[PDB]
Structure formats: C-alpha cells, structure tokens
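Contents: one structure, followed by commentary.
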Amino acid sequence: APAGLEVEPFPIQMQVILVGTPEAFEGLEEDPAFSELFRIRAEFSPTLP
Amino acid sequence: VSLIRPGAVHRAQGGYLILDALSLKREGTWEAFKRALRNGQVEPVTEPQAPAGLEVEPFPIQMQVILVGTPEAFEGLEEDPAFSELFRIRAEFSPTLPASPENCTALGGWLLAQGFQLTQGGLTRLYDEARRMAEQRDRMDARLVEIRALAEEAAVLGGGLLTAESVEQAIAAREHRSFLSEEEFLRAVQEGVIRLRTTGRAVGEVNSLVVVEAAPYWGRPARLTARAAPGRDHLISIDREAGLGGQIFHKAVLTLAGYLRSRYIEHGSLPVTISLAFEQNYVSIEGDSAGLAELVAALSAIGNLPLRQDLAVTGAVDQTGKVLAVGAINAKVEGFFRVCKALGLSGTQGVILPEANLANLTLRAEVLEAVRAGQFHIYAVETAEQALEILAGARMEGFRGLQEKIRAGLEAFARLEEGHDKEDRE
Amino acid sequence: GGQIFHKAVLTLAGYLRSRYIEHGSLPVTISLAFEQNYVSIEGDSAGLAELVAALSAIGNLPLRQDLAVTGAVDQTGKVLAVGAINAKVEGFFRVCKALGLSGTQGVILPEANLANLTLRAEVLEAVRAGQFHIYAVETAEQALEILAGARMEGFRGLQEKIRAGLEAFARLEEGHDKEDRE
Amino acid sequence: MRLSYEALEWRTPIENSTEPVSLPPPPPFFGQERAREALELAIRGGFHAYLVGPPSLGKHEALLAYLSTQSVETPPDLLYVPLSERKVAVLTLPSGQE
Amino acid sequence: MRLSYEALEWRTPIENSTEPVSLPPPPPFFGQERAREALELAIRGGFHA
Ligand SMILES: *[B]([O])([O])[C]([C][C]([C])[C])[N]C(=O)[C]([C]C1=[C][C]=[C][C]=[C]1)[N]C(=O)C1=[C]N=[C][C]=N1
Ligand SMILES: *[B]([O])([O])[C]([C][C]([C])[C])[N]C(=O)[C]([C]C1=[C][C]=[C][C]=[C]1)[N]C(=O)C1=[C]N=[C][C]=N1
C-alpha cells in the first residue's frame, strides 16, 4: 500500500463470545490478557443425566 | 518531508513513552528501539518497495520511556546488556500488600473511584476475598484488576450495589462456572469409579491431597497406597518409576527415603521395600505436597498400622522428619471437604496440614461452619511423628506404641529375609 | 508398554511382593507378554489379567480360557474401574461367537464398571440365554477364584497352591545355593 | 493438634452490610511504595525505568494516573525540516513558534 | 459373581414403536444449565464469555 488511512482507536461495544473445545482454549488460557478479557466460562457438560 | 507520520517516540518528546515488554520482545522491534535510544536513531520505516527514502538525521531523545511487563516478560529481555544500561530504575510491584485496615480503606476508595457502590459489608467481603487470593491471612492480593472484575460480577449480580451478599454470590457463581471438572470427579467418586474411603481405617492407605491445573485450581483427594515387603532397601515410587512423577516429586520420595533409612538403624540397611502409587493417577505428578502422606503411609505399611481414612494428609517433609509448608492449602482442604460432603460428612473427617501453613488457611464459609459445628476438623502438625499419631490414633512413645509397632514390623521383615537366607545356606 | 502400562506392572509387582511374605524377596521372576502384540501398549486395563496370570503361573493354576479378564488393580489387590468396557466385552463376545459360543464363555470386569455396562442387543440376548456370562469383581482374589474354578481360602485352595508353588521355587533356589556351597 | 474455629476464622467481622462507604481515593501505587519511590526517582532524574509486576495488577492504569499527576516544562514543538530534497532532520522549537 | 440379564438390561422399554411423538422444543442449553447461567450472566453484565 502506498498509503493508509489513519483509523482512530474506536471503543468496543460488542460482547465477543468465544467457542471452542477445552483443548482449543488451554492453548489460549496461558495469556493473562485472555483471562482478564474473558471472565465468564460457559462449560458444556459432556454428558447429561 | 510532508509525508512523514509521527510515531510514539515523536509525540513522547518532553514527556514519557509507556511500552510493554511483550510488544517489544514479540514484535522484534526491541533492537531498533534500543538503537533509537542509545544512538538517537529514529528512522520512519518504509516498505521495501520504496524507490527512495528520506535521509533522516539522528535525533537526540528527550523522552523517558517506561517499560511495563511481567517478570517473565523482562527476564527474556534482561539478558541484553544494552537493556541493563538503558533501564537503570526497576519499579517492582509487590504481588501482595499487607492486610491492614488502611489497606482495606485504600482498596475501598479505589473501588469507589472506579464508579462502584460499596457497602461496608461488601467492602469487607471484597477485602477478605483479596486476602484469600493471596492465600495469606496477613496479606491481601495486590492485583487490583482481579478485584475489579470480581466487583463487576458482584455488581451485576446485585443490581449495581456491592453488598456482602452480592460479593458472596459473585464468588459462588465464579466457583460454579468452573465446577464442571470437580462435579464430574465427585460423580466418579460416588459411583465407585475412583474408589476413595472417607471413613474407616485402612493399612497403608492415605488420602493425599492433589491440586489440579487449569482455571481456578481445585483440590481433590488422591488415594495413596504403600505396601511393605521384605527385601534390600528400595523405596519404590511407582509414579516416578513409570515416569509420571516430576523432579520435585522424586526429590520428595528420596527425602523421605533418607529419613526412613536414617530413622531406623537397629538393623543394617532398611530391611523393607516400599511401593508408593497414586491410585487412578494416569497423569504426571509434579510438586512436593504429598511427602507427609507418603511418609505416614509407608510407616503404616511397615508397622501394619491402620490409618484413619477420614483424614486427608498433605504437607512436605524434610529428611529429619519435620513437616514443611505447602502451597494452595485452601484448595486442598476445600477439595477434601467437598469430597467428604459428597459422601456425607461423618462428623470426624478432617485434614492434616503443616503447622507452617496456618497463616495460609483462609477457608471458605462452609468449611469454617463445618469446623465450628465439629463436622470437620483441621489438624496442624510440624513433624511426621504427630501426623502418624493422629492417623493411627495412638502415641509413638509409650508401651504398645506406634514406634514400638513399627520397630516390630521392621524386625519381622528382617527376620523373614533372615529365614530366607537360613534356607539358602541350609 | 507406555507409562501407564508400566505403572500397572509396577503396581501389581508391589502387590505380589507385599502379599507373599513367608520368604524373603519374592522368590520368583514373572515374564508378562502380550502375544502377537507388535504394537505399542498404552493404558492400565489388563492389571487384573496380568495379576491373575502371574498368580496362576506361580501356583500352576489352570485358568479357564473361556473368560476374558479386564480391569485395573491397585497394589492392595482390588480391581479398579476401566474405560470402554462395552468395547472390550463386545469384542470378546464377537471373537467367541466367531469361534462358536461354548455356552460358558464370559468376561470378568470390575464391579465398579456396572454403571458403564451398556451392551448391545446380541450380547444381552446371549447373557439371557446363558450362552455368555458377565462376572463382576472388586478384588483380584475373586477374579482368580472364578478363573481357576476353585475357592481361594480353604483346604486345597488357590492360596494354598500358590504358597506351595512359591515354596517350591524358593526351595529350588536354595537347593542351587546348597550345591554352590557344597 | 486440632485447630479451633476461632483459630481458623480469618474473615474480618462485618459491622453492617449497609450504609454505603464514602472513602477518599487512595494515592497511586498505594501499598506499592517501593515502585512509587523508584518511579519518583526515575521522573526526577530523567532516567528510563521499567515497571515489573505480576500480570493483571493495574500497573498501566496506576502509572498513567501517576504520570498525569506529574508536571513538566512545556515540551518544545518538534517538527521535520528538510535539510535537502534527500536529507531531513527533526527540529525542536519553542511552543507556538511552529 | 455372575450378573443376571435383568441386572444387565439397560435399555429403556419401548411402549410402542409407532404413534409419532409430539413434543415441544426444549429450551436452549437444555441439560446445560451451568452454561446457560454463565451466558445469562455474561449477557446481563455485558462481559466477554
Ligand atoms: B502438591 O500440591 O505439592 C502436589 C504433590 C503431589 C505429590 C500430590 N501436586 C500438585 O498439587 C500439582 C500442582 C501443584 C500446585 C502447587 C504447587 C505444586 C504443585 N498437581 C498435580 O500433581 C496433579 C496431579 N494430577 C492431576 C493434576 N495435577
Ligand atoms: B486399557 O483399556 O487400559 C488398555 C490397557 C492394555 C494393557 C490392554 N489399553 C488399550 O486398550 C489402549 C486403548 C485405551 C482405551 C481407553 C483407555 C486407555 C487406553 N489400546 C492399546 O493398548 C492397543 C494395543 N494394541 C493395539 C491397539 N490398541
């Protein structure tokens, strides 16, 4: 790109909801910023009664 | 000259430039940054396709850069002598602040500054939770954003007011949101898949306490079995021989092996071989927190001493027979209480923990209520002698003593090897 | 053999060491091999099978080959739960049916796995007809009693024969020593 | 020996769970007087400092607030001057002269 | 001891293999009340889950 628009930082109003397997997150839980950004852990039980 | 865009360094002139150690050692701009610092070489970067580039004359740097990062973020950057010569001032944040009423008042003022609404009870509960995070009764956790996140959770659970009940609700919800693993473990224990005994007395079996990894650490008992057989001294760690035990686990095993070797001397080398295994382990073991449990289990196996299965035993031990402090004692005690409650509290189940961890015992409300009601006990010891006295329900010194029984068991094992040698020679 | 397989082997070795004490160290050496294996082994599912096979070898106990044995064991001699019990039972039933059901073939599985026994229709029909059995045990003592078809305790029991076999092995070793010294 | 409940009760007693507290904002780096002193020395001496602490502790927010509390002489208006069609240098001038 | 067939029969008995069932749709995250509660908390509080 010969030039680029200087986009001003924008406040985030969305609520991101990550989805993944426990293995897909244990490789992402090692980042403290992940644990500080994503506080709510919604675990699906593998087996229902 | 009209197409150069100022960077962070250019607008940091006369002031301060805050940077993160991760964003430097990760994006590879650390070398360029330290050359811009030492030599004043700030070069507006250009794409390689550029047909030409302005020759930017080196600029003396007037800003004061203040790197921010974790100790791990800087130990990977301290190896450069240019860093140690450029950044002389080290501003270390203590992980834990002292637990003082002034500190609690400061925390409350900080929370009120954020926009929260604290009641006195809510502030008290938040301060107690901060003390619990630090795992110290006299220190409170300094991670203010963790407390702020808990405050936000309690605020949305209490409508906007941080009541003590609201904070307790937030704590319980946070515990329950990560309770699936412990719930499954409890179900497995109830079904008999993971056989644990929270009642009765079994020889050589001890409910060791184990803390799992992953999101908030849950303690859970792990049955430990020690079996004593005649043979030349070989205290076998089955979890280490199989390769599951870590370095510190092997260190603990060797430490208690040396204690056993040097404690019983009225024969030659230790005339028994002891096999130590975590039943239903199937996972790598790391750390030295089951040293006391291993030692008491081995002693019971040697002396044929039935150990009260209702008491879980934690704590490291040195090779002179003294219980050593361990980490995450709250998780261990609460996990054993959880398992005991799931099986139904017998009114005598308890946890044997090092005397040195009393300052770390910040137990939850339910565990404390159980202790007050007498439905759950917490024993504190400093030597393994006391721990085995509690488990076996007897005294080492004195006739029909635990020490006498262990000596008799070692004597019997030695005489059995002796009879085998007698048959070999005759 | 993997890490957990070695853990199981060591566990049952310790159980054998501590179970039989009327000599010095265990006077026998036991060789355990999966025949036609040729593949890496992982897991602790055959601890009970290994233990009963070792006990039979020690005591010269003929084990009923019609019964397949699964289940882990701890070093106090108690059968522990195992995974994929349905697959194990159905596979043994498949092999028995391929060779023709004898009316006595069965599977010895941990008592702790009863909540996991969700067998297929054909296996359940075979059990109902008596053409296939499912034994549940919690200690290896029961599994050996079932396999050898005798009662552990008692006169002419399995325990007496295992003790006699260990005594014979120690007798032969000390006879070798007697020759060495004279 | 068995620990009594009082020997185990660690929670600070609650006077009342009502009457919203009114407390003044604490000073930046409260309870972190070591880091505050180090950073004060860095600001006074014009050195380069680095903030070390366990992750998620508020180092960035506390440091930004404290630096906002600080004050300094008005920074000169720096700018780029073309020494030639090829050569440019950063020229610093007193504020307003730009 | 040998397990009887009744002690091994796990299948739920069938009332009839006909008469197509008519059942109302279950609530989302049925049997996953933990995840439902966590996600409700995230929606109410505007967090990232
Ligand atoms: B311990 O707390 O020292 C314990 C020792 C072991 C011999 C029973 N280990 C653990 O709890 C560790 C985590 C740990 C936390 C704090 C300090 C040191 C170690 N975890 C495990 O051993 C484990 C085992 N199985 C599954 C999960 N975690
Ligand atoms: B087991 O069920 O613990 C068993 C142990 C082995 C000594 C008979 N392991 C296995 O059967 C494993 C798969 C497995 C499933 C569930 C839990 C643990 C392990 N497979 C093998 O050992 C194997 C060997 N040869 C070929 C194929 N698979």
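Chain labels A, B, ... are given in the sequence in which chains occur in the structure tokens; within each chain residues are numbered consecutively from 1, and ligands are likewise numbered from 1 in the order shown.
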Give me the residues within 7 Å of residue 23 (chain C) as a PDB file with C-alpha atoms, in the first residue's frame, counting only C-alpha atoms and dropping any in the same chain fewer than 3 places off.
```pdb
ATOM      1  CA  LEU B 416      11.850 -63.116  57.213  1.00  0.00           C
ATOM      2  CA  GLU B 417      14.762 -62.153  54.976  1.00  0.00           C
ATOM      3  CA  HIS B 420      15.206 -66.930  53.607  1.00  0.00           C
TER       4      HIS B 420
END
```
_Nearby polymer residues, ligand 1, at most 7 Å, only C-alpha atoms and all ligand atoms, as an MDAnalysis selection string_ = chainID B and resid 208:213 249 281 283:291 326:328
Restricting it to C-alpha atoms, dump the selection as a short mmCIF file (atom, residue, chain, number, x, y, z; two decimals), in the first residue's frame.
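Output contents, as saved in result_25.cif:
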```cif
data_model
loop_
_atom_site.label_atom_id
_atom_site.label_comp_id
_atom_site.auth_asym_id
_atom_site.auth_seq_id
_atom_site.Cartn_x
_atom_site.Cartn_y
_atom_site.Cartn_z
CA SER B 208 -3.31 -37.48 49.65
CA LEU B 209 -4.46 -34.04 48.52
CA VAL B 210 -3.80 -33.05 44.91
CA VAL B 211 -4.36 -29.71 43.18
CA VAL B 212 -5.27 -29.86 39.50
CA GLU B 213 -4.14 -27.43 36.82
CA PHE B 249 8.19 -35.43 43.39
CA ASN B 281 -3.42 -41.34 38.78
CA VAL B 283 -1.43 -38.17 34.92
CA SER B 284 2.02 -36.72 35.53
CA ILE B 285 2.68 -35.77 39.16
CA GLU B 286 4.58 -32.57 39.96
CA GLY B 287 5.45 -30.97 43.28
CA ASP B 288 6.23 -31.88 46.88
CA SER B 289 2.99 -31.65 48.84
CA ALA B 290 2.33 -35.36 49.48
CA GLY B 291 5.62 -36.02 51.25
CA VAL B 326 2.98 -26.36 51.04
CA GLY B 327 1.08 -24.22 48.57
CA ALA B 328 -2.61 -23.94 47.74
#
```
Per-residue nearest contacts chain E to chain A, cut-off 8 Å, using only C-alpha atoms, as CSV:
```
residue,atom,partner,partner_atom,distance
E:31,CA,A:48,CA,5.7
E:32,CA,A:44,CA,5.9
E:34,CA,A:43,CA,6.9
E:35,CA,A:42,CA,4.3
E:36,CA,A:42,CA,7.4
E:38,CA,A:42,CA,5.4
E:39,CA,A:42,CA,6.3
E:41,CA,A:40,CA,7.9
E:42,CA,A:40,CA,6.4
E:46,CA,A:15,CA,6.4
E:47,CA,A:15,CA,6.3
E:48,CA,A:38,CA,4.9
E:49,CA,A:40,CA,4.5
```
Could you save those same residues with C-alpha atoms as a short mmCIF file (atom, residue, chain, number, x, y, z; two decimals), in the first residue's frame?
```cif
data_model
loop_
_atom_site.label_atom_id
_atom_site.label_comp_id
_atom_site.auth_asym_id
_atom_site.auth_seq_id
_atom_site.Cartn_x
_atom_site.Cartn_y
_atom_site.Cartn_z
CA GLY E 31 -29.25 -30.12 30.42
CA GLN E 32 -26.51 -27.48 30.27
CA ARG E 34 -24.39 -24.24 34.04
CA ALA E 35 -23.55 -22.85 30.60
CA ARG E 36 -26.97 -21.20 30.37
CA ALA E 38 -22.96 -18.35 32.80
CA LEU E 39 -24.09 -16.98 29.46
CA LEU E 41 -24.66 -13.56 33.47
CA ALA E 42 -22.46 -12.53 30.54
CA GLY E 46 -22.07 -7.12 29.19
CA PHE E 47 -18.96 -9.22 29.77
CA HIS E 48 -17.00 -11.33 27.30
CA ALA E 49 -17.68 -15.04 27.73
#
```
*Which residues sit within 9 Å of ligand 2, counting only C-alpha atoms and all ligand atoms, listed as an MDAnalysis selection string?*
chainID C and resid 1:2 4:5 8 34 37:47 50 70:72 82:85 88
Give me a file of those residues, with C-alpha atoms, as a compact mmCIF listing (two decimals), in the first residue's frame.
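Writing done, so here's selection-v3.txt:
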```txt
# COMPACT_ATOMS: atom_id res chain seq x y z
CA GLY C 1 4.42 -50.59 27.01
CA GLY C 2 3.60 -47.00 27.84
CA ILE C 4 0.60 -46.14 32.50
CA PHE C 5 1.19 -49.75 31.44
CA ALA C 8 0.22 -51.04 36.29
CA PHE C 34 1.11 -59.83 25.01
CA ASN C 37 1.34 -57.73 20.11
CA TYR C 38 3.75 -55.96 17.71
CA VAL C 39 2.23 -52.59 18.72
CA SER C 40 2.83 -50.04 21.47
CA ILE C 41 0.69 -50.67 24.56
CA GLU C 42 -0.88 -47.76 26.44
CA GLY C 43 -3.18 -47.78 29.45
CA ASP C 44 -4.00 -49.80 32.56
CA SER C 45 -6.83 -52.15 31.62
CA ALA C 46 -5.13 -55.54 31.99
CA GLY C 47 -3.74 -55.13 35.50
CA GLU C 50 -1.76 -59.66 34.42
CA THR C 70 -10.16 -56.84 32.16
CA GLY C 71 -9.84 -54.21 34.85
CA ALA C 72 -7.08 -52.31 36.60
CA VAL C 82 -11.58 -49.17 33.41
CA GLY C 83 -12.79 -47.38 30.31
CA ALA C 84 -14.52 -48.58 27.15
CA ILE C 85 -15.82 -51.66 28.95
CA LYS C 88 -14.00 -54.92 25.48
```
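Counting only C-alpha atoms, residue 87 (chain D) has the following residues at most 8 Å away, ignoring those fewer than 4 positions along the same chain: residues 54, 55, 56 and 57 of chain B; 82 and 83 of chain D.
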Pull N, CA and C atoms from the residues just selected and write them as a compact mmCIF listing (two decimals), in the first residue's frame.
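What follows is the written file out_5.txt:
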```txt
# COMPACT_ATOMS: atom_id res chain seq x y z
N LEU B 54 13.82 9.30 2.51
CA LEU B 54 14.44 10.48 3.10
C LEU B 54 15.53 10.06 4.08
N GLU B 55 16.65 10.77 4.04
CA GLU B 55 17.75 10.53 4.98
C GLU B 55 17.46 11.31 6.25
N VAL B 56 16.88 10.62 7.23
CA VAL B 56 16.50 11.24 8.49
C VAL B 56 17.72 11.29 9.40
N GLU B 57 18.14 12.49 9.76
CA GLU B 57 19.30 12.75 10.61
C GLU B 57 19.02 12.30 12.04
N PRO D 82 13.40 19.69 6.08
CA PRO D 82 14.21 19.09 5.01
C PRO D 82 15.53 19.83 4.85
N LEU D 83 16.62 19.19 5.28
CA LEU D 83 17.94 19.77 5.03
C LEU D 83 18.25 19.78 3.54
```
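The list of chain B residues within 10 Å of chain E is residues 149, 152, 153, 154, 155, 156, 157, 159, 173, 174, 176, 177, 178, 179 and 180 of chain B; this uses only C-alpha atoms.
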Kindly provide the residues of chain C that approach chain E to within 8 Å, each paired with its closest atom pair and their distance in Å to one decimal, based on only C-alpha atoms, listed by chain and increasing number, as a tab-separated table.
```
residue	atom	partner	partner_atom	distance
C:117	CA	E:8	CA	7.1
C:118	CA	E:10	CA	6.1
C:119	CA	E:10	CA	7.9
C:124	CA	E:5	CA	6.7
C:127	CA	E:5	CA	5.9
C:128	CA	E:5	CA	5.1
C:133	CA	E:2	CA	6.6
C:134	CA	E:3	CA	5.5
C:135	CA	E:2	CA	4.3
C:136	CA	E:1	CA	5.6
C:137	CA	E:1	CA	6.7
```
*asked:* Set the cut-off to 6 Å and count only C-alpha atoms: what are the residues of chain B that reach chain C? Output as a PyMOL selection string.
replied: chain B and resi 192-193+227-231+242+275+416-417+420+424
*Please identify all polymer residues within 12 Å of residue 132 (chain B), counting only C-alpha atoms, omitting same-chain residues fewer than 4 positions from it, and present them as an MDAnalysis selection string.*
(chainID B and resid 96 99 125:128 136:142 147 171 328:331 359:365) or (chainID D and resid 10:12)
How would the residues just picked look written out with N, CA, C and O atoms as a compact mmCIF listing (two decimals), in the first residue's frame?
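Output file again_14.txt is given in full below:
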```txt
# COMPACT_ATOMS: atom_id res chain seq x y z
N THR B 96 1.60 -9.02 46.74
CA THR B 96 0.67 -8.94 47.86
C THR B 96 0.98 -7.72 48.71
O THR B 96 2.13 -7.47 49.06
N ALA B 99 -2.17 -6.96 54.90
CA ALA B 99 -3.57 -6.90 55.28
C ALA B 99 -3.70 -5.98 56.48
O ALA B 99 -3.48 -6.39 57.62
N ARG B 125 -16.18 -8.01 52.48
CA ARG B 125 -16.12 -9.28 51.76
C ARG B 125 -15.12 -9.23 50.62
O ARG B 125 -14.40 -10.20 50.38
N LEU B 126 -15.06 -8.11 49.89
CA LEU B 126 -14.09 -7.98 48.82
C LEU B 126 -12.67 -8.01 49.36
O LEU B 126 -11.78 -8.63 48.76
N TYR B 127 -12.43 -7.35 50.49
CA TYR B 127 -11.11 -7.35 51.10
C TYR B 127 -10.73 -8.74 51.59
O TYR B 127 -9.58 -9.17 51.45
N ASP B 128 -11.70 -9.47 52.16
CA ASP B 128 -11.43 -10.85 52.56
C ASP B 128 -11.12 -11.73 51.35
O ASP B 128 -10.24 -12.58 51.41
N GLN B 136 -3.00 -15.71 52.09
CA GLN B 136 -2.38 -15.30 53.34
C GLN B 136 -3.41 -14.60 54.21
O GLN B 136 -4.23 -13.83 53.70
N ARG B 137 -3.38 -14.88 55.51
CA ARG B 137 -4.27 -14.20 56.43
C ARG B 137 -3.81 -12.79 56.75
O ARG B 137 -4.62 -11.98 57.21
N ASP B 138 -2.54 -12.47 56.51
CA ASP B 138 -2.00 -11.16 56.81
C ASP B 138 -1.56 -10.38 55.58
O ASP B 138 -1.00 -9.29 55.72
N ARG B 139 -1.80 -10.90 54.38
CA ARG B 139 -1.50 -10.20 53.15
C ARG B 139 -2.72 -10.25 52.25
O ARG B 139 -3.46 -11.24 52.22
N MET B 140 -2.95 -9.17 51.51
CA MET B 140 -4.05 -9.09 50.57
C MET B 140 -3.51 -8.95 49.16
O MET B 140 -2.50 -8.28 48.93
N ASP B 141 -4.17 -9.61 48.22
CA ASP B 141 -3.70 -9.64 46.84
C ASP B 141 -3.68 -8.24 46.25
O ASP B 141 -4.64 -7.48 46.38
N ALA B 142 -2.58 -7.91 45.59
CA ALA B 142 -2.40 -6.59 45.01
C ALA B 142 -2.94 -6.47 43.60
O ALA B 142 -2.95 -5.36 43.05
N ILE B 147 -9.69 -7.89 41.52
CA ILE B 147 -10.73 -7.44 42.45
C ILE B 147 -11.76 -6.59 41.72
O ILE B 147 -12.95 -6.64 42.05
N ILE B 171 -18.73 -14.71 44.06
CA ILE B 171 -17.72 -15.73 44.33
C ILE B 171 -18.28 -17.12 44.05
O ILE B 171 -17.63 -17.96 43.42
N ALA B 328 -1.21 -23.70 48.06
CA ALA B 328 -2.61 -23.94 47.74
C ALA B 328 -3.27 -24.84 48.78
O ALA B 328 -4.01 -25.78 48.46
N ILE B 329 -3.00 -24.56 50.05
CA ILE B 329 -3.58 -25.35 51.13
C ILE B 329 -5.09 -25.17 51.18
O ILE B 329 -5.83 -26.10 51.53
N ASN B 330 -5.58 -23.98 50.83
CA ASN B 330 -7.02 -23.75 50.79
C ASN B 330 -7.68 -24.68 49.79
O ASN B 330 -8.72 -25.29 50.09
N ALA B 331 -7.10 -24.81 48.60
CA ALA B 331 -7.67 -25.69 47.59
C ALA B 331 -7.71 -27.13 48.07
O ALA B 331 -8.72 -27.82 47.90
N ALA B 359 -0.94 -19.50 58.60
CA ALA B 359 -1.12 -18.18 58.02
C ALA B 359 -1.72 -18.23 56.62
O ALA B 359 -2.16 -17.19 56.12
N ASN B 360 -1.73 -19.40 55.99
CA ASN B 360 -2.30 -19.55 54.66
C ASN B 360 -3.71 -20.12 54.66
O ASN B 360 -4.32 -20.21 53.59
N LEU B 361 -4.24 -20.49 55.82
CA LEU B 361 -5.56 -21.10 55.90
C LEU B 361 -6.63 -20.02 55.89
O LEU B 361 -7.03 -19.51 56.93
N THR B 362 -7.09 -19.66 54.69
CA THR B 362 -8.25 -18.79 54.52
C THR B 362 -9.35 -19.64 53.90
O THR B 362 -9.55 -19.65 52.69
N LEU B 363 -10.08 -20.36 54.76
CA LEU B 363 -11.07 -21.32 54.30
C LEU B 363 -12.37 -20.63 53.95
O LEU B 363 -12.67 -19.52 54.42
N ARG B 364 -13.17 -21.29 53.12
CA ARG B 364 -14.46 -20.75 52.72
C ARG B 364 -15.44 -20.81 53.88
O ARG B 364 -15.17 -21.38 54.94
N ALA B 365 -16.61 -20.19 53.67
CA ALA B 365 -17.60 -20.09 54.73
C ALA B 365 -18.09 -21.46 55.17
O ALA B 365 -18.22 -21.74 56.37
N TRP D 10 -10.81 -16.44 59.80
CA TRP D 10 -9.94 -15.41 59.27
C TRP D 10 -10.69 -14.19 58.76
O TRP D 10 -10.09 -13.12 58.61
N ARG D 11 -11.99 -14.31 58.49
CA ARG D 11 -12.74 -13.22 57.90
C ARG D 11 -12.88 -12.06 58.87
O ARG D 11 -13.13 -12.26 60.07
N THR D 12 -12.71 -10.85 58.36
CA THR D 12 -12.90 -9.67 59.19
C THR D 12 -14.38 -9.49 59.49
O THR D 12 -15.21 -9.53 58.57
```
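Compared by their closest atoms to chain D, and using only C-alpha atoms, the residues B:53, B:15, B:121, B:40 rank with B:121 nearest.
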Determine, for each residue of chain A having at least one atom at most 10 Å from an atom of chain D, the closest pair of atoms and their separation in Å to one decimal, counting only C-alpha atoms; order by chain and ascending number, as CSV.
```
residue,atom,partner,partner_atom,distance
A:31,CA,D:55,CA,9.5
A:32,CA,D:55,CA,6.5
A:33,CA,D:56,CA,7.6
A:35,CA,D:56,CA,9.2
A:36,CA,D:56,CA,7.1
```
Using the selection just defined, write its residues with N, CA, C and O atoms as a CSV table (one decimal), in the first residue's frame.
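Ended up saving to out_10.csv:
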```csv
chain,number,residue,atom,x,y,z
A,31,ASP,N,-2.4,-16.9,28.1
A,31,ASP,CA,-2.2,-15.5,28.0
A,31,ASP,C,-3.0,-14.8,29.1
A,31,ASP,O,-4.3,-15.0,29.1
A,32,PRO,N,-2.4,-14.1,30.0
A,32,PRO,CA,-3.2,-13.5,31.1
A,32,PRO,C,-4.2,-12.5,30.6
A,32,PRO,O,-5.2,-12.2,31.2
A,33,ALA,N,-3.9,-11.9,29.4
A,33,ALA,CA,-4.9,-10.9,28.9
A,33,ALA,C,-6.2,-11.6,28.5
A,33,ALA,O,-7.3,-11.0,28.5
A,35,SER,N,-7.4,-14.3,30.2
A,35,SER,CA,-8.1,-14.4,31.5
A,35,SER,C,-8.7,-13.1,32.0
A,35,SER,O,-9.7,-13.2,32.8
A,36,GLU,N,-8.1,-12.0,31.6
A,36,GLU,CA,-8.6,-10.7,32.1
A,36,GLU,C,-9.7,-10.2,31.2
A,36,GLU,O,-10.6,-9.4,31.6
```
*Pull out every residue of chain B that has at least one atom within 7 Å of chain D, counting only C-alpha atoms, and report them as a PyMOL selection string.*
chain B and resi 1+13-14+54-57+59+64-71+86-95+97+105-106+108-110+113+117-122+124+128+137+142-145+163-164+362+368+371-372+377-381
*Can you check which residues of chain C DSSP gives as helix (DSSP H, G or I) on the backbone and send them as an MDAnalysis selection string?*
chainID C and resid 3:19 47:59 85:98 111:116 121:129 140:148 158:181
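All residues of region 31-110 of chain C that DSSP, run on the backbone, classes as strand (DSSP E) are residues 67, 68, 69, 72, 73, 74, 78, 79, 80, 106, 107, 108, 109 and 110 of chain C.
Interatomic distance, CA of residue 347 (chain B) to CA of residue 374 (chain B): 6.4 Å.
Taking CA of residue 55 (chain C) as the reference point, CA of residue 35 (chain C) is found at 18.3 Å.
The shell of residues at most 6 Å from residue 383 (chain B), with only C-alpha atoms counted and near chain neighbours (fewer than 4 positions) removed, consists of residues 321, 322 and 323 of chain B.
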Those residues with C-alpha atoms, as a compact mmCIF listing (two decimals), in the first residue's frame please?
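Final file, out_22.txt:
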```
# COMPACT_ATOMS: atom_id res chain seq x y z
CA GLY B 321 11.06 -35.88 59.90
CA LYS B 322 9.56 -32.39 60.07
CA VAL B 323 6.51 -31.25 58.12
```
